[PDB]
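The chain below stands alone and is given as structure tokens, in the form deposited in one PDB entry.
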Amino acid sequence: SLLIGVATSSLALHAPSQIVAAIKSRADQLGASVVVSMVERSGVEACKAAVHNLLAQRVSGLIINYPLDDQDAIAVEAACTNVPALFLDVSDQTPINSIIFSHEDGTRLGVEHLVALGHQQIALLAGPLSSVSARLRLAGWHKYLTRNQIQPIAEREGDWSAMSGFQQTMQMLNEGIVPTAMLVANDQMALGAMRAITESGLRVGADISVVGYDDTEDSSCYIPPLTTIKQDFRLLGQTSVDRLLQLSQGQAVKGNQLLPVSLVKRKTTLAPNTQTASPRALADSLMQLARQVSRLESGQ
């Protein structure tokens, strides 16, 4: 056979779902089988139970896509016994085998994008601080904002869901707190924020700019399509499967590898309320008008 175990967080969230699907696609290509154990949001012990389950299934190596701090990751690794384990949601600092997206770059890129557009009044929508990725991202935003001499005007915590993004953003705006831009810790929350902005009678981009994090699959189809930090989950799943097999063959490939990230510029960010509309915004308006003009035609 050749059997890979994956311990994953709630596949209710889009990013972990795309990661397991990428892992599966690479496995298929290499003729490896994959079995998935889902971890309840309780933490290390739930994660340890999943690993034990997977070890009972006679897996040849583990991919752990679940948020773990330094000592918990080490504890989860120790429970893996001889079989190799590769961690996908940890700090790059933890001394285990891991493949992580660069949080330093993801956070920087979002901040600098907004700073270079002229934003000063920036609000932050964090993920749940129980997640190491949420902590890393929030701390990065803070670092690069202060480096650019900005303190955010407000700061809220969601739970990774769209509804939390709506409720947090809506409560901020209801308090009279109106940023020109938001950094949001995932694209699902960013959707909710975007909805809150829109339903407050403000325009996403033009009035309040929004930057998500992930580039999960739907984001290109948000209204307007979402500017976001792309984490290439297909790359992650491919590299993680290849590395797990290297590890199982005794390839001296141990420790952290970082994966680069990028900013995908779509339509949710513009310079803040300055009496000259941006070229990209004008162009989109003109394209929309072009479609309306074309439909002035007949039908034969």
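Numbers follow the displayed sequence, beginning with 1. The term rigid core refers to the most C-alpha atoms you can superpose between the two forms while keeping them within 1.5 Å. Only residues modelled in both forms are compared.
Legend: mean Cα B-factor per stretch from the PDB entry, 55 to 63 versus 255 to 263; the higher mean is in 55 to 63. Higher mean CA temperature factor, per the PDB entry, when comparing 224 to 232 with 74 to 82: 74 to 82.
Annotation for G165: CA B-factor lies in the lowest third of the chain's modelled residues.
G205: CA B factor in the highest third of modelled residues in this chain (values from the PDB entry). Ranked within its chain, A7 lands in the middle third, by CA B factor from the PDB record. When the CA B factors of the chain's modelled residues are split into thirds, the value for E199 lands in the highest one. For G192, the recorded CA B-factor ranks within the middle third of the chain. Only modelled residues enter the ranking.
Only in words, not in the display: the form deposited in another entry, which the text now covers.
In the core-superposed comparison between the shown form and the other one, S285 has its Cα shifted by at least 2 Å.
Annotation for the pair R203/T276: C-alpha atoms approach each other in the other form, by 3 Å or more compared with this form. Between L173 and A281, the Cα distance is smaller in the other form than in this structure, by no less than 3 angstroms. Taken over residues common to both forms, the rigid core alignment between the shown form and the other one yields 274 to 296 as the one run of three or more consecutive residues whose Cα atoms shift by 2 Å or more.
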